[PDB]
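What follows is one chain in structure tokens, specifically the form deposited in one PDB entry.
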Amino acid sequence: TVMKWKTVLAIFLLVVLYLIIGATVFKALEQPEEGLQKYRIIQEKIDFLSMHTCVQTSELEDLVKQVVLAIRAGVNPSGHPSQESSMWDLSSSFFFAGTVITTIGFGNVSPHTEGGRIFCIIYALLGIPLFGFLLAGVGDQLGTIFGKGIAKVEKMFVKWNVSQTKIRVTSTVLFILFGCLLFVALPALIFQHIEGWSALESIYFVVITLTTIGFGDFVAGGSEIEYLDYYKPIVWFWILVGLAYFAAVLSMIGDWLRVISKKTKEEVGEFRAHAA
């Protein structure tokens, strides 16, 4: 408790170095794709203006602006969207309120109005503590159930005499393998089958959603197709349990980082001490 001011500066420098490395890698990987996309869109527009004589550049840019505002407003520009197929229905509003309290915030659906934004601010402010409580309760229940399960597994295991060492390592590898299998390996398959995504896109969606980053480029609910009535409830249940499992996994990764930090500190101190 009460981390010293010297440790905070070192952690800050480590974080800034991590950001510099991530920025370099992202910049190196992502510039060519954006260059090709820019040439593709410019060539598409010049092709359209070449093919159609009547159109002129000012009107075409005005139409492109209208389309961009249409996407900003949340309405689909392409096709004739039916009035009955409202995107703000109770199932979608339920999904939106769940993302707000969860703090995933995909962003495909946004308020866009003064009253929606005010109610979003008050609703989020009240909502986050309540979900934090629910998540802590679900995490504790999951932890006790898994702990009793591996307690009886270990108890049965005592028939074949085994060293006390590596029993925790094996229990942890079993936890990681079962958790990834049940949370990332299977929902990725269901999402891929019901939506046409690729395996990497499905894994990326599961990781971004459960980690609560929620970029919004890949959203399970939002597509120009019709799903089953119970698809969204099942997705929310997978999200609720996955959030607990990922929070636990992140805590374990943090614990590993601390040990590596303590080990590095003692090793550096020992090398300093003999070095003289």
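Take the two forms, find the largest set of C-alpha atoms that superpose within 1.5 Å, and that set is the rigid core. Counting begins at 1, following the sequence as shown.
Form deposited in another entry: not shown, discussed below.
Legend entry - Residue among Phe157, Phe178, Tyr204, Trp197 with C-alpha shift of 2 Å or more between the shown form and the other one, core superposed: Of all the options, the C-alpha that shifts by at least 2 Å belongs to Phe157.
Inset, instruction - Determine whether the C-alpha of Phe146 shifts by 2 Å or more between the shown form and the other one once the rigid core is superposed. - result: Shift of 2 Å or more: yes.
Legend entry - After fitting the core, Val15 CA displacement of 2 Å or more between the shown form and the other one: No; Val15 is a residue whose C-alpha shifts by less than 2 Å between the shown form and the other one when the cores are overlaid.
Inset, instruction - Compare the position of the CA of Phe218 between the shown form and the other one after a rigid core fit and state whether the shift reaches 2 Å. - result: No: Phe218 shifts by under 2 Å between the shown form and the other one.
Inset, instruction - Please say whether the CA atoms of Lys159 and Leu174 come closer or move farther apart in that other deposited form, knowing the change relative to this form is 3 Å or more. - result: Here the pair is farther apart than in that other deposited form; there, closer.
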